[PDB]
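What follows is a set of notes on a single structure, which appears directly below.
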Ligand code: CLA
Ligand code: CLA
Ligand code: CLA
Ligand code: CLA
Ligand code: CLA
Ligand SMILES: CC1=C(/C=C/C(C)=C/C=C/C(C)=C/C=C/C=C(C)/C=C/C=C(C)/C=C/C2=C(C)CCCC2(C)C)C(C)(C)CCC1
Ligand SMILES: CC1=C(/C=C/C(C)=C/C=C/C(C)=C/C=C/C=C(C)/C=C/C=C(C)/C=C/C2=C(C)CCCC2(C)C)C(C)(C)CCC1
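Chains as they are written, first to last, in the authors' numbering: chain X, 3 to 733; chain H, 1 to 31; chain U, 2 to 81; chain S, 614 to 682; chain G, 407 to 475; chain C, 100 to 161; chain V, 168 to 333.
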C-alpha cells in the first residue's frame, strides 16, 4: 500500500508481513531506501532529542503524581513508619472490597504504594514540600519542550549539521568530559553545599534566599587564601537528627567514611567532596585532545603509536581511528558495553554503600532497585555484543584493517571459542555436580558428608578491607600494617565501624553457599559471553556457510541442505544468548534476595544451612516465600496483595505463551491459516468482508522474536510480583 | 501542602505546549 | 523477488534444474566445463525460495545461490 | 478423589483428606496453584531424611530434565 | 503417526477412487476449519471462565463468579 | 604445471571445506577453456556429503 | 587449629548435635521392631556406621562451621600450613594423574588406528587387544607428554589445520 514509506520492497508486499516488518525496521535508518550519510546523522541527532524529551517528561510525571496524589510531607514527618505512595487508582472495574483494600493513607481513595525510592532521593537532596515537587515538575516540562524544539530546529536545512561536525571526535570528547561530566559534577557539589546540606541541618534555603545565605560561616576567604581545612572543621556529630539542627555541624567538605547513624546513609559532606574532587579530574581530563588551539593530542596519533615491538600484536592499533569514527555500530557497542558495566556497578554499590536517607530500612525498595538495575544491565550487555556483530557484518573491511588487533582477534577466533567452551563445561560439570552431591547427602540423612568449600580467597579480600570475623589480620585488619597506620587515612574509623556492623550490607559475611552461587554466576557470565562471542566472530562466515556476510545480520536460515542450517545467523546467537542472560541475572537476584531476606529477619542460619543444596532453594526460598502472594485473593476474600497475585499468574501465562512461538514453527501455522482463508471465502454473507492484506503466518525470525518477548516479559513480571509481594508481606 | 485544582489546570495547559512540539518533531522526522 | 545467481564453479550436472519445483533454472551451453553446459536462471519471478537447488548442488560451496528478497504473492507461495 | 471420596469415617461423618476444598477452590487458576500445586507439594519437598527421599530427588531431577529439553 | 505413514507410503489413488477415503480427502479444508472453530469456541468458553473467576475474585467481586454460590 | 594423476595436493581455496587439507589428484583436464580442471578426492566428506571437487591450479599447493 | 573463624569438628558442640540428631532418628525407628529381629540389626548397623563416620571426621582435623558441618580449605598455602591438604590438594594430583592417563590412552588408540585402511571401522568396533595394550602401557603418560611437548610432536602446525574464512 503506502506504509512503510521507507521501504518500497515492503510496501509492495501484499500480505500482513508488510505491517509487522514495517514496524520492526522503522528505526534501522541505514537500511532505509535512498539513505545518505548526511541524512542518517541528522535523523539520529533528532531522535536523540526525542529520547531526551521523553525522559524529562517521565521525570516530570513522577514529580507531578507524587506532589498531587502522594504523601510526601507526611512521609517526611515519619520516614520509617509511613509507606510512600506512587499514584492513585481510578479503575472502574474494582469492587467495594478492593476499594477498601487499596485505601491506605489519608488520601480519599485507593492508592499504589511506591517502590522506586524517589521519596528517599528527593528528601535527601533537599526537597521538603509538595510545592517544591510541583515546581520541579514544571521546570522539567519546560526542559522537555526545549529538547523537542531543538530537535525540530536542527532538522531544518539551515541548522542541519554536516557530517564533518558529527565526525569531530576530539572536540566532542573535550566538551563532554570538561562540561557534561565535569561542570555538571561541580554544579551538583554546588547544589549540595548550598541547598542540601543546609536542609539536612535544618536551615531552609531556596531560590529566594540562597544568594544571601552563606553556606559556610567563614565565606570564600578560606578558599582563596588556601586555608581549605576550615571547610572541614566541625562535622555533624553521631547524635545528629537529619533535618534538624540538633547535633548538627558546620563543615561542608569532609572525608569521614561510613554512614550517618540515624539515616544509615553516607554523609552528605562526603558526597559533596566526592563530586568536587571528580569535577576537578574531569575538567582536567577534558583539556587533553586537540581542537582549534594547537595544543593537545590527536587520537589517531596515540592509536598509531601503541604497537608492541615483538610483533605479538601485529601492527597494533593502526587504522582503528577511521574504523571507529566511520562506524556507528562500533560506537554503539562500545557505549553499551561501558554503560552495561556502570549499571551493574550502580546496582552492586547502592545496596552496600547506601547513599539515600532511610532507604536501607525500606526493604522492598532496596530489593526492587537492585533487581531493576541488574536486569537492565543484563539487557544492555547483550546489546553491546549484538551491535558488535552488526559492526563485523556491515562496517568491517579487512583491507583497511589488515594486521591490526581487530583482524588478529578474528584470525584466532577458534582458540577463543574453544577456550570459552572449556571454561563453560568445567564450571557447569563441577558446580552442578557439587550441588547434586549435596542434595543426595541431604536426602540420605547425612549432611556431614556434603562438600562445603570455604571461599577463602573472598574472605581474604574481605579481611584486607577490614573485616575481623575471619581472624586473618592483614592490611586494614592488621593494626601494625602500613595501610592501616597511614596517618592521613581519616576515612578509616568510619569505614571500619561500617564494615564490622551486621546491619549494613557492607561486605556481608560469606561461606559455602556463597561459594557455590558465585560459581554458578561465573558459569552464566561465561556461557552468555560464549554465545555472543561466537555470534560476533562467526558473523561474517563459518565453514557451514562461508558467505554469511552476504545475507546479513538477520535471516532465517540457509535451508535444509548441508545437513540443515536453522538458527545460523548472528541474530540467532543473540536470541539464544538472551535466555542465558535472563537465567544468569535470575541466579544473581535470587541469591541477593534470599541472602537479604534472611539477614533482615535475623535467621542467617537459614541461608547458611539451606543454600548448599537445591531442594533448599526450592523449599526454603521459592515455596516458603510464596505463601502470602498466592493468598492475595482466596475464597474468603482479598487483600492489597491481590494485584501482585494476579500479576504473578499473568507472568506465568505470558511466559508459557512464549513457548508456543518458540516450539511450534511456521509451516504448521501457514497450513492452518490456509484453511481459515478457505472458510472465510466460502462462508456466505460474511465473504463480503474482504481483507486488504492477505493473511499469512508470522515469519521465522519474527516468531523467534515474539517468543523471546513473551518469554522475557513473563520472566520479569513474575519475578517482580514475587519479589515485591514477599518482601512487603514480611517487612 | 495539597496541590490545588488550579495548579492541576495550569499543569495541563502547560503540557499542551510540548504536545505541539512533539507533533512538529514527529512530522519532521517522518520525512 | 528472490535472486538466483550462478557462479563459474558449475560442472553442468543438471541436478539443480531437476530439483526446482517452479521451473526457474535451465541448462544453457557453455565452455567453462567438461559437460559444456552451465545452469542459468531466467525465470526468477517464479522462484519460491525453497533452496532445493542448493541442496542438489555437488560443488564445494555451491555454484547456485539463492538470495531471498522482497516478497510477492508468487514468492510467498499463495493460492489465495 | 482427595477432596470428595478418600478419607476416614467416624460413625457416619466422613473426613476427607483435603476437606472438600475442590468445589470452591478449583474455580480459579490461583486455587489450582495454591490449594493443589503449592499445598499438596509439601510432602515431596519435605521428604529428605526420610524413606520418601527418593521421591524428593526424583522431583528435582525431573524438573531438571524438563528444563534441559 | 501410523495413519500418516499409511497415507504417505501405502495409499494408492487408483484403488481409492470415489470411496470414503477419497471423499474424506476432497473436503479436508472443511474438516480442519470446523475443528478449528470448535477449538476456539471451547477455549474461550472454558478457560475464559477461569480467567473470569480469577479476575473478578481479585477485583473483590466474588458474587460475579461462575460458582455454586 | 599440473599435478600428476595420483599425486597429493593441499587446497588453498578459502571457501572450501577442505582448505588446508590434503587430497589425491584423479584427473587433470588439458583444455584452457576449463576454469577448474583438476579433480581432487578427499577422505573426509563435507557437509553436503560429497568427497570430490574440481580445483584450479592457483588453489593447490603441490 | 581454628582458622577463618571455624572451629575444629573434634571440639564443636554443633557437630555433636548433628550426631545426636541422626542417632535419635534411628532409635525412633528401632522402637517399632523387636530387639532380635533382622530390621533391628539393619538399623544397628546403620547407627554403628554413623557413629564411626563422625568419629573419623573428628580425628582428621576437619573444620566445622556454625552449622556444625565440616568445611574444606582450597587455597594450597592455607591447606599445607594447617594440615588440610587431603581435602582438595591431594585429590587434585590424584584426578590430574587419572585424567592424563585416560587422555593419553585415548589419543594413543586414535593415532594408532588412523594409519589403517578404514580407520572409521576401528572406532565403532574397538580393537580390544590394541586397546588393552594401550591402556596398560599408558601408566607413565608424562613421559609421552613431556616428550611430545619439548620435541614439538604435540601440536599440529597451523598450515595443516582446517579453518574458516577469517
Ligand atoms: C510521562 C509519564 C506519565 C505517566 C506514565 C502518567 C500516567 C498517568 N497519569 Mg499522568 N501526567 C503526567 C505524566 C505521566 N502521567 C504529567 C507530566 C502531568 C502534568 C501535565 C500529568 C497529569 C495527569 C492528570 C490530571 C491525570 C493523570 C493521570 C494519569 C494516570 C492515567 C492515565 C491518564 O489519565 O493521564 C492522561 C495524560 C495526561 C493528563 C497528560 C500526560 C502527559 C504525558 C507527558 C504523556 C506522554 C507520555 C509519553 C511521553 C508518551 C510516549 C509513549 C510512547 C513511546 C508509546 C496514569 C497513571 C490521571 C490520574 O491521575 O488517574 C488516577 C489523571 O487524572 N496525569
Ligand atoms: C542506545 C541503545 C540502542 C540503540 C540506539 C539501538 C539501535 C538499533 N538497534 Mg540495537 N540493541 C540494543 C540497544 C540499542 N539499539 C539493546 C539494549 C539490545 C539488546 C536487547 C539491542 C539488540 C539489537 C538487535 C538484536 C538488533 C538491534 C537493531 C538496532 C537497529 C534497529 C532497531 C529497530 O529496527 O527497532 C524497531 C523495533 C521495535 C519497534 C520492536 C520493539 C520490541 C519491544 C520493545 C518489545 C517489548 C515487549 C512489550 C512491548 C513489553 C510491554 C509490557 C507488557 C505488559 C504489554 C537500531 C540501529 C537491529 C538491527 O537491525 O541491526 C541490524 C537488530 O536486529 N539491536
Ligand atoms: C537446565 C537446563 C539446561 C542445562 C542443564 C543446559 C546445559 C548446557 N547448555 Mg544449554 N540451554 C538451555 C538450557 C540448559 N542448558 C536453554 C533453555 C537454552 C536456550 C535455547 C540453552 C541454549 C544453550 C546454548 C546456545 C549453549 C548452551 C550450552 C550448554 C552447555 C554449557 C556447558 C555447561 O554449562 O556444563 C556442562 C554440562 C552440563 C552441566 C549438563 C550435563 C548433564 C549431566 C551433568 C551429564 C551427566 C549425565 C548422566 C551421566 C546421566 C546420563 C543419561 C542417561 C539416560 C544415559 C551445557 C551443556 C552451551 C555450550 O554447549 O557451550 C559448550 C552453549 O553454547 N545452552
Ligand atoms: C499458555 C500457553 C498457551 C496458550 C494460552 C496457547 C493458546 C492457543 N494455542 Mg498454543 N501452544 C502452546 C501454549 C499455549 N497456547 C505451546 C506450549 C505449544 C506447543 C508448541 C502450543 C502449540 C499449539 C498448537 C499446535 C495449536 C495451539 C493452538 C492454540 C490456540 C487454541 C485455540 C484457543 O483456545 O483460542 C482461544 C484462546 C485462548 C484460550 C487463549 C486465551 C484467551 C483469553 C482467555 C481471552 C483473552 C481476553 C479477551 C480479550 C476476552 C474477551 C471476552 C470477555 C470480554 C468476556 C490458542 C490460541 C491451536 C490452534 O490454534 O487451533 C485453533 C493449535 O492448533 N497451540
Ligand atoms: C581421546 C579422547 C579425548 C581427548 C584426549 C580429548 C581432549 C580434549 N577435549 Mg574432547 N571430546 C572427546 C574426546 C577427547 N577429548 C569426546 C569423546 C567428546 C564427545 C563427548 C569430546 C567433546 C569435547 C567438547 C565439547 C570439548 C572437548 C574439549 C577437549 C579439550 C579440553 C579438555 C576437555 O574439555 O575435556 C572434556 C572432555 C569431554 C567433555 C569428553 C569426555 C572424553 C572421555 C571421558 C575420554 C575419551 C573417551 C574415549 C571413548 C576413550 C576411548 C579410549 C580407548 C579405546 C583406548 C581437550 C583437548 C573442550 C575443548 O575444546 O577445549 C579447548 C571442549 O569443549 N571435547
Ligand atoms: C483546554 C482547557 C483545559 C483542559 C486541557 C486539557 C484537557 C489538556 C489535556 C492535555 C493533554 C492530553 C496533554 C498531553 C500531552 C502529551 C505530551 C506532552 C506528549 C509528548 C509526547 C512525546 C514527546 C512523544 C515523542 C515522540 C514519539 C513517541 C515518537 C517520535 C516523535 C517523538 C520523539 C516526538 C482546562 C480544563 C485545564 C482549563 C480550560 C481550558
Ligand atoms: C564484539 C565486538 C565488540 C564488543 C565488545 C564488547 C561487548 C565488550 C565487552 C567488554 C567488557 C564489558 C569488558 C569489561 C572490562 C572491565 C575491566 C577490564 C575492568 C578492570 C578493572 C580493574 C583492573 C580494576 C582495578 C581495581 C580493582 C579490581 C580493585 C582495587 C582497585 C583497582 C582500581 C586497582 C566491539 C563493540 C568492541 C566492536 C567489535 C566487535
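Every residue gets a Cβ at the ideal spot worked out from N, C-alpha and C, and that includes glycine.
Residues of chain X with a Cβ closer than 9 Å to the Cβ of residue 144(C) do not exist, since the nearest Cβ in that chain sits about 11 Å away. For residue 147(X), the enclosing alpha helix (DSSP H) starts and ends at 132-157.
For residue 462(G), the shortest separation between its Cβ and any heavy atom of ligand 4 does not lie below 7 Å. Within chain V, 329, 330, 331, 332 have C-beta atoms less than 9 Å from the C-beta of residue 118(C), given in sequence order. Taking 8 Å as the CB threshold, residue 133(C) lines the interface with chain U. Assignment of residue 456(X) by DSSP, reduced to helix, strand and coil, places it in the coil class.
For residue 420(X), the Cβ falls inside the 7 Å cut-off from some heavy atom of ligand 5. The three-state secondary structure of residue 208(X), taken from DSSP, is coil. Around the CB of residue 129(C), fewer than 16 other CB atoms lie within 10 Å, so the residue is classed as exposed. Counting of Cβ neighbours within 10 angstroms places residue 496(X) among the buried residues, the total reaching 16 or more.
Residue 191(X) is not a Cβ neighbour of residue 247(X), given a cutoff of 8 Å. In this structure, ligand 2 has a non-hydrogen atom nearer than 7 Å to the beta-carbon of residue 555(X). Interface annotation, residue 132(X): in contact with chain H, CB-CB separation under 8 Å. Not flagged as an interface residue toward chain S: residue 641(X), since no C-beta distance is shorter than 8 Å. In this structure, 701(X) is the residue among 676(X), 656(X), 507(X), 701(X) with its C-alpha nearest to the C-alpha of residue 556(X).
Here residue 679(X) is actually not in contact with residue 77(U); their C-beta atoms are around 13 Å apart, not less than 8 Å.
Here residue 52(U) is buried: its Cβ has 16 or more other Cβ atoms, across all protein chains shown, within 10 Å. Look at residue 453(G): its beta carbon is less than 7 Å from one of the heavy atoms in ligand 4.
Taking a Cβ-Cβ threshold of 8 Å, the residues of chain X close to residue 221(V) are 450, in chain order. Checking the DSSP bridge columns, you'll see residue 154(C) partnered with 137(C). Shown here, residue 149(C) sits in coil according to DSSP, grouped into three states, outside any helix or strand. With a contact defined as Cβ atoms closer than 8 Å, residue 483(X) and residue 474(X) miss out at about 12 Å. Taking the Cβ of residue 649(X) as the reference point, every heavy atom of ligand 4 lies at 7 Å or farther away. Residue 126(C): member of the beta strand (DSSP E) spanning 121-127, first to last residue. In the DSSP assignment, residue 533(X) forms no beta bridge with any residue. 548, 549, 552, 553: these are the residues of the segment 539-554 of chain X whose beta carbon lies less than 8 Å from some beta carbon of chain U, given in chain order. Counting along the chain, residue 41(U) sits inside no alpha helix (DSSP H); it lies in the beta strand (DSSP E) bounded by residues 38-41. For the set 206(X), 508(X), 435(X), 450(X), the Cα lying nearest the Cα of residue 469(X) is the one of 508(X). Taking a Cβ-Cβ cut-off of 9 Å, the neighbours of residue 19(X) in chain U comprise 72, 77, given in sequence order. Close to residue 415(X), with beta-carbon spacing below 7 Å, are these residues of chain V in chain order: 333.
In the three-state reduction of the DSSP assignment, residue 244(X) falls in the coil class, being assigned neither a helical nor a strand state. Along the segment 244-322 of chain X, the alpha helix (DSSP H) occurs as fully enclosed runs of 4 or more residues at 270-287, 301-307, listed in sequence order. Less than 8 Å separates the beta-carbon of residue 210(V) from that of residue 193(V).
Ranked by Cα distance from residue 68(X), the first of 133(X), 654(X), 50(X) is 133(X). Residues of chain X whose Cβ lies closer than 9 Å to the Cβ of residue 232(V) are, in chain order, 454, 456, 513, 514, 610. For residue 461(G), the enclosing alpha helix (DSSP H) begins and ends at 453-464.
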